[PDB]
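**Student:** Have a look at this one.
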Amino acid sequence: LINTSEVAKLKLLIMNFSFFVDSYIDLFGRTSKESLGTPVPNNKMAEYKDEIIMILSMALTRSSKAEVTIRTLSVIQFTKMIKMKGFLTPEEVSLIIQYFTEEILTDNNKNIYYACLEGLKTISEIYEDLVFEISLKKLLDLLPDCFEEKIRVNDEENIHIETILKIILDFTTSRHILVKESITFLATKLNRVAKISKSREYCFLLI
Amino acid sequence: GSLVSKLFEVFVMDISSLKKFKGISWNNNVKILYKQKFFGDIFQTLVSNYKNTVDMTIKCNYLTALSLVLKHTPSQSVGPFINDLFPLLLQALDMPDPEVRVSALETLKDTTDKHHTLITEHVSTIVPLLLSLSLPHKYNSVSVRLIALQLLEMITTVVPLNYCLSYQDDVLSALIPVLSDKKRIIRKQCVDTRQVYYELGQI
């Protein structure tokens, strides 16, 4: 467990951590929606929690876009570490949600794309308000006033106008707060793109 | 380069007027090996360029060019190129032309029939893409959805039960406009796909 961005060293570190998360789980427990913040009394992984968080963060983000196995294992270990009962603060899962959303809008690589989708969906089923606040609201904000625009995620990488709709279709399938607020906001945007804009396919896709 | 990529299908097509037809022998300088040869000359460079490219335009060009080349060449006749083709193969599953759609669906069929490590490592990525293919869309024809059903069946057969159990409910849920669409072979085969997915998950 030493900081490393090399594909081999970081990959072996992550696949090792994949067994220590399982040992920690078997020894202590897993998340419940009531135990989202409750930590276990004592362990040595808490002393190493900052190091594993940092190595996972640099394994997914602040990393090259060509990493398919590295980023897939990164989001997988992020999700598995989230799966522990209240051992990561809402700040940590917020950072993880932001990482997933940024790396899923930036890269089209369906490996990292669908792995980030899986991570975001698991966060949604284990953290309603967190995902709805960071990922869902941002994604609803990327879409503009007028239809048929380039959804500029950043200076260069952009997604389609229907990419937001597809992402909305992906999760919120079982998240009450997410799905209700999403229905409300999609109705709001339907009204807006019909009133201040003149579009048909966007209204059709939204409805 | 975008126009060249979209026009690049021309190099590999049937002629129906200049081949070594029965009877005629003075038809042309016919060579049947043009397809495969052209693929072997194009694919490799294309894929290297795609993995060495960043943006919307040039990567879309590489995908469209390699897809428009692979669509006319038989997928089972181009085997060594499949391994490096798998990334662009997975890429070519979302674009307007149902021609590239049927071609890439056929190519994943052949790949998952031959390759299994790629399929096992990429199932968590391919499955929702095939789901979006099976969804009704301005680009998903009824035939396209039928082919997505066929690939879903083939990948569920090839992938072991471990991952297939994790991808039963999504296929069962996101197929309701396919067993109720305008055509009925689409409907019958979606009913069969739903039933086979249900029986594979329940066992």
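Scheme for the structure tokens: letters A, B, ... for chains in order shown; per-chain residue numbers from 1; ligand numbers from 1 in order shown.
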Which neighbours of segment 77-79 of chain A fall inside 8 Å, counting only C-alpha atoms, when residues of the same chain fewer than 4 positions from it are skipped, and could you give them as a VMD selection string?

**Tutor:** chain A and resid 14 17 to 18 56 73 83 96 119 122 to 123

**Student:** Tell me the residues of chain B close to chain A, meaning within 10 Å using only C-alpha atoms, as a CSV table (one decimal) with N, CA and C atoms, in the first residue's frame.

**Tutor:**
```
chain,number,residue,atom,x,y,z
B,51,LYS,N,-7.0,4.6,-30.8
B,51,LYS,CA,-6.4,4.6,-29.5
B,51,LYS,C,-5.4,5.8,-29.3
B,52,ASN,N,-5.0,6.4,-30.4
B,52,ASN,CA,-4.1,7.6,-30.4
B,52,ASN,C,-4.9,8.9,-30.8
B,54,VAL,N,-8.3,11.8,-29.5
B,54,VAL,CA,-8.9,12.4,-28.3
B,54,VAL,C,-10.4,12.8,-28.5
B,55,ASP,N,-10.7,13.4,-29.7
B,55,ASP,CA,-11.9,14.3,-29.7
B,55,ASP,C,-13.1,13.6,-30.3
B,56,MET,N,-14.2,14.3,-30.4
B,56,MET,CA,-15.4,13.9,-31.1
B,56,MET,C,-15.1,13.5,-32.5
B,87,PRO,N,-12.4,-3.1,-28.9
B,87,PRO,CA,-12.7,-1.7,-28.4
B,87,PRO,C,-13.6,-1.0,-29.4
B,90,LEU,N,-17.1,-2.5,-29.6
B,90,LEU,CA,-18.0,-2.0,-28.6
B,90,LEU,C,-18.4,-0.6,-28.9
B,91,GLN,N,-17.5,0.2,-29.4
B,91,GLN,CA,-17.8,1.6,-29.8
B,91,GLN,C,-18.9,1.7,-30.8
B,121,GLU,N,-14.7,-10.0,-19.4
B,121,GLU,CA,-14.2,-8.7,-18.9
B,121,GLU,C,-15.0,-7.5,-19.3
B,122,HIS,N,-15.7,-7.6,-20.4
B,122,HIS,CA,-16.5,-6.5,-20.9
B,122,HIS,C,-18.0,-6.6,-20.9
B,123,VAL,N,-18.5,-7.7,-20.2
B,123,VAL,CA,-19.9,-7.9,-20.1
B,123,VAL,C,-20.6,-6.7,-19.4
B,124,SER,N,-20.0,-6.3,-18.2
B,124,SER,CA,-20.6,-5.2,-17.4
B,124,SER,C,-20.7,-3.9,-18.2
B,125,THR,N,-19.9,-3.8,-19.3
B,125,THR,CA,-20.0,-2.7,-20.2
B,125,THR,C,-20.9,-2.9,-21.4
B,126,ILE,N,-20.9,-4.1,-21.9
B,126,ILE,CA,-21.7,-4.4,-23.1
B,126,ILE,C,-23.2,-4.5,-22.8
B,127,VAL,N,-23.5,-5.0,-21.7
B,127,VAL,CA,-24.9,-5.3,-21.4
B,127,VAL,C,-25.9,-4.1,-21.5
B,128,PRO,N,-25.6,-3.0,-20.8
B,128,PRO,CA,-26.5,-1.9,-20.9
B,128,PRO,C,-26.5,-1.2,-22.3
B,129,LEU,N,-25.4,-1.4,-23.0
B,129,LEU,CA,-25.3,-0.9,-24.4
B,129,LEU,C,-26.3,-1.7,-25.3
B,132,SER,N,-29.8,-0.5,-24.4
B,132,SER,CA,-30.1,0.7,-25.2
B,132,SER,C,-30.4,0.4,-26.7
B,137,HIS,N,-36.0,3.5,-30.6
B,137,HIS,CA,-35.3,4.8,-30.7
B,137,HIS,C,-35.5,5.2,-32.2
B,138,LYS,N,-35.1,6.5,-32.5
B,138,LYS,CA,-35.1,7.0,-33.8
B,138,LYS,C,-34.1,6.3,-34.7
```

**Student:** For residue 67 of chain B, which residue out of B:26, B:8, B:167, B:34 is the nearest one, using only C-alpha atoms?

**Tutor:**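 Using only C-alpha atoms, the shortest distance to residue 67 of chain B belongs to B:8.
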
**Student:** So, with only C-alpha atoms as the atoms that count, which of B:104, B:12, B:32, B:133 lies closest to residue 146 of chain B?

**Tutor:**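 Of B:104, B:12, B:32, B:133, the one nearest residue 146 of chain B, counting only C-alpha atoms, is B:133.
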
**Student:** Where in segment 35-199 of chain A does DSSP assign helix (DSSP H, G or I), given as a PyMOL selection string?

**Tutor:** chain A and resi 49-60+69-82+90-106+110-126+128-142+161-170+176-195

**Student:** Excluding residue 142 of chain A and any residue of its chain fewer than 5 positions from it, enumerate the residues within 9 Å of it, using only C-alpha atoms, and give them as a list in words.

**Tutor:**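 My reading of the contact set: residues 137, 151, 152, 153, 161 and 164 of chain A.
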
**Student:** Take atom CA of residue 66 of chain B and atom CA of residue 18 of chain B and report the distance between them in Å, one decimal.

**Tutor:** 24.5 Å

**Student:** Pick out the closest residue to residue 202 of chain B from this set: B:16, B:100, B:31, B:161. Count only C-alpha atoms.

**Tutor:**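 Closest to residue 202 of chain B, using only C-alpha atoms: B:161.
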
**Student:** How would you write, as a PyMOL selection string, the set of residues in segment 34-189 of chain A that DSSP gives as strand (DSSP E)?

**Tutor:** chain A and resi 151-152+158-159

**Student:** Could you write out that same residue set with N, CA, C and O atoms as a PDB file, in the first residue's frame?

**Tutor:**
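The new file again-v7.pdb reads:
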```pdb
ATOM      1  N   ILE A 151     -23.368  19.780 -25.076  1.00  0.00           N
ATOM      2  CA  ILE A 151     -23.327  19.833 -23.619  1.00  0.00           C
ATOM      3  C   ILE A 151     -21.868  19.878 -23.188  1.00  0.00           C
ATOM      4  O   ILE A 151     -21.217  18.837 -23.055  1.00  0.00           O
ATOM      5  N   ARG A 152     -21.354  21.083 -22.960  1.00  0.00           N
ATOM      6  CA  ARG A 152     -19.928  21.290 -22.727  1.00  0.00           C
ATOM      7  C   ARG A 152     -19.626  20.930 -21.277  1.00  0.00           C
ATOM      8  O   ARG A 152     -19.815  21.729 -20.358  1.00  0.00           O
ATOM      9  N   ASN A 158     -17.313  17.163 -24.571  1.00  0.00           N
ATOM     10  CA  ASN A 158     -18.730  17.478 -24.511  1.00  0.00           C
ATOM     11  C   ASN A 158     -19.546  16.222 -24.778  1.00  0.00           C
ATOM     12  O   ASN A 158     -19.108  15.328 -25.509  1.00  0.00           O
ATOM     13  N   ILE A 159     -20.731  16.159 -24.179  1.00  0.00           N
ATOM     14  CA  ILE A 159     -21.652  15.050 -24.377  1.00  0.00           C
ATOM     15  C   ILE A 159     -22.861  15.559 -25.147  1.00  0.00           C
ATOM     16  O   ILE A 159     -23.038  16.764 -25.349  1.00  0.00           O
TER      17      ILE A 159
END
```

**Student:** Excluding residue 199 of chain A and residues on its chain fewer than 5 positions from it, collect all residues at most 8 Å away from it, counting only C-alpha atoms, and give them as a VMD selection string.

**Tutor:** chain A and resid 146 to 147 193 to 194

**Student:** How about saving the chosen residues, N, CA and C atoms kept, as an mmCIF file, in the first residue's frame?

**Tutor:**
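part18.cif written:
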```
data_model
loop_
_atom_site.group_PDB
_atom_site.id
_atom_site.type_symbol
_atom_site.label_atom_id
_atom_site.label_comp_id
_atom_site.auth_asym_id
_atom_site.auth_seq_id
_atom_site.Cartn_x
_atom_site.Cartn_y
_atom_site.Cartn_z
ATOM 1 N N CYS A 146 -31.810 25.857 -24.867
ATOM 2 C CA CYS A 146 -32.249 25.497 -26.206
ATOM 3 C C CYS A 146 -31.805 24.084 -26.559
ATOM 4 N N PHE A 147 -32.601 23.432 -27.402
ATOM 5 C CA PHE A 147 -32.302 22.073 -27.832
ATOM 6 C C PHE A 147 -31.219 22.068 -28.906
ATOM 7 N N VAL A 193 -38.477 24.245 -22.492
ATOM 8 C CA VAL A 193 -38.029 24.072 -23.868
ATOM 9 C C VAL A 193 -39.204 24.166 -24.830
ATOM 10 N N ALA A 194 -40.434 24.037 -24.329
ATOM 11 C CA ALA A 194 -41.577 24.289 -25.197
ATOM 12 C C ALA A 194 -41.934 25.771 -25.234
#
```

**Student:** Quick check, in Å to one decimal: how far apart do atom CA of residue 36 of chain A and atom CA of residue 85 of chain A lie?

**Tutor:**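 Computing it gives 5.7 Å between the two atoms.
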